[PDB]
Amino acid sequence: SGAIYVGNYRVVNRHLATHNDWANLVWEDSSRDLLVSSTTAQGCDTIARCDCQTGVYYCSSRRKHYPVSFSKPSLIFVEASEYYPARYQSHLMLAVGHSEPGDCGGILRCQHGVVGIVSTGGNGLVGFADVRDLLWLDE
Ligand SMILES: Cc1ccc2c(ccn2CC(=O)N2CCC[C@H](C(N)=O)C2)c1
Ligand SMILES: [Zn+2]
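Using the authors' numbering, you'd call the opening residue of the sequence shown number 7 and step up by one each time.
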């Protein structure tokens, strides 16, 4: 679990969005596993606007942060799950690191701000949904 709070927006994994997220929907994209909903309170986070390929992410299944080198946002095949059919997920960045299903939502940050959130994993892999291209999140 986890979310980004920026301005009057809440960014979450689309597969973990609540009834309230869908009732306050701003934008969603199944191909990216992202959903953004509106909030009444002002958010705590800053979004990075950069091309960093190193950063640190929070891994809830270890209660720890880990440094990572990650690939540029790209179209990557993701196997079928209970949430989606087998498909290409876009704007996804892979890295070597520990991740388990419940780790989705952990934030990845670089020196400039929030880069994205955990969205996929594998045997010693962790994948992040990029948010740096969503310029409208901070107008
Ligand atoms: C070994 C292992 C296996 C599965 C793992 C992990 C770490 C996370 N997941 C779940 C995962 O990747 N899913 C399920 C939820 C929806 C995701 C998506 N963006 O399509 C794909 C680690
Ligand atoms: Zn950066």
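Positions of the beta carbon are idealized from the N, C-alpha and C atoms, including for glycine.
>> Quick check: what's the CA-CA separation for residue 35 versus residue 17?
In response: 12 angstroms
> Between the C-alpha atoms of residue 27 and residue 72, what's the straight-line distance to the nearest angstrom?
Replying inline: The straight-line gap from Cα to Cα measures roughly 29 angstroms.
> What first and last residue would you give for the beta strand (DSSP E) that runs through residue 71?
Replying inline: 70–75
>> Using 9 angstroms as the threshold, is the C-beta distance between residue 50 and residue 11 below it?
In response: Contact check for residue 50 against residue 11 passes: the beta carbons are separated by less than 9 angstroms.
> In terms of alpha-carbon separation, which member of 78, 108, 69 lies closest to residue 60?
Replying inline: 78
>> Helix, strand or coil, according to DSSP, for residue 118 in the structure here?
In response: Under the three-state reduction of DSSP output, residue 118 falls in the coil class, being neither helix nor strand.
> Would the beta-carbon of residue 54 be found less than 8 angstroms away from any heavy atom of ligand 2?
Replying inline: yes
>> To test your reading of the DSSP string, which unbroken beta strand (DSSP E) runs of 3 or more residues are found completely within the region 41–93?
In response: When DSSP assignments are scanned along the region 41–93, the uninterrupted stretches of beta strand (DSSP E) that are 3 or more residues long and fall wholly within it turn out to be 60–65, 70–75, 80–84.
> Which stretch, first to last residue, makes up the alpha helix (DSSP H) that contains residue 29?
Replying inline: 25–29
> Ends of the beta strand (DSSP E) at residue 18?
Replying inline: 15–19
> Is it the case that the CB of residue 48 approaches a heavy atom of ligand 1 more closely than 8 angstroms?
Replying inline: no
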